[PDB]
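Before any questions on how it binds or moves, here is one chain, the form deposited without the partner chain, in structure tokens.
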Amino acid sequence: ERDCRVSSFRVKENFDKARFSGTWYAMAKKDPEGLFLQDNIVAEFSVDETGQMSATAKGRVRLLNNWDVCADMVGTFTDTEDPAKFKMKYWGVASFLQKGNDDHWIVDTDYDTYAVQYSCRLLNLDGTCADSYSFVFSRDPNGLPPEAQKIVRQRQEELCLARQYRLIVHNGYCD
């Protein structure tokens, strides 16, 4: 009887946007329904004078069975009452023509080794998430330290997404 309601989930307390900046390599992911980033998913976060966070994100996308596309996207993050929860507005500059928006929750991070991202797109009537995606980010693409592995596995299970993540490759397909 685990509480899988989206409102009951806990996020990074006192989230620091400036310390979260820099390169983040997604090593594992949980997919939503429909088309989504496949692999080689690298994120680059930044903060400006005003303190508003922004980021760029590259990644390979399998559109049809015989077409690979290195998506190159830019996004801005709007602040909310919770410092770890944001409203991400994003768009493409290479292939993706349209724009969209999702919630961007930093569930937990130590800023210099790992980070667990979460985003619920659709909510069930009971409060649980009907359609979600999540990323296990890392500063080092070679791997995570032992302590980072333990926290990630714990947070993944607390989000009710145990054994639903798949690993993803970084082989320089998009440079």
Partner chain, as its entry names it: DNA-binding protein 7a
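Residue numbers count along the first chain shown, from 1. Superpose the two forms; the largest set of C-alphas matching within 1.5 Å is the rigid core. Residues that one form lacks are left out of the comparison.
Although not depicted, the form solved in complex with the partner chain is the subject of the following passage.
Trainee: Partner absent here, but in the deposited bound form, which of 59 to 67, 146 to 154, 133 to 141, 112 to 120 has residues with a heavy atom within 4.5 Å of the partner chain?
Mentor: This holds for exactly one stretch, 59 to 67.
Trainee: Wondering, does residue 174 line up within 4.5 Å of the partner chain in the deposited bound form on heavy atoms?
Mentor: Contact check for residue 174: yes, within 4.5 Å of the partner chain in the deposited bound form.
Trainee: Hey, in the deposited bound form, is residue 88 touching the partner chain, heavy atoms inside 4.5 Å?
Mentor: Although the partner chain is absent here, residue 88 would stay clear of it in the deposited bound form, with no heavy atoms inside 4.5 Å.
Trainee: Verify the contact flag for residue 71: yes if a non-hydrogen atom of it lies within 4.5 Å of a non-hydrogen atom of the partner chain in the deposited bound form, no if not.
Mentor: Heavy-atom contact with the partner chain at 4.5 Å: present for residue 71.
Trainee: Heavy atom to heavy atom, is residue 78 within 4.5 Å of the partner chain in the deposited bound form?
Mentor: No, no contact at 4.5 Å.
Trainee: Quick one: name the residues from 73 to 103 with any non-hydrogen atom within 4.5 angstroms of the partner chain in the deposited bound form.
Mentor: Sequence-ordered list: 94, 95, 96, 97, 98.
Trainee: Once both forms sit on the same rigid core, is the C-alpha displacement of residue 66 at or above 2 Å between the shown form and the other one?
Mentor: Shift at residue 66: 2 Å or more after core fit.
Trainee: In sequence order, what stretches of at least three consecutive residues shift by 2 Å or more at the Cα level between the shown form and the other one, with the rigid core held as reference?
Mentor: 63 to 67, 94 to 96 are the stretches that shift between the shown form and the other one.
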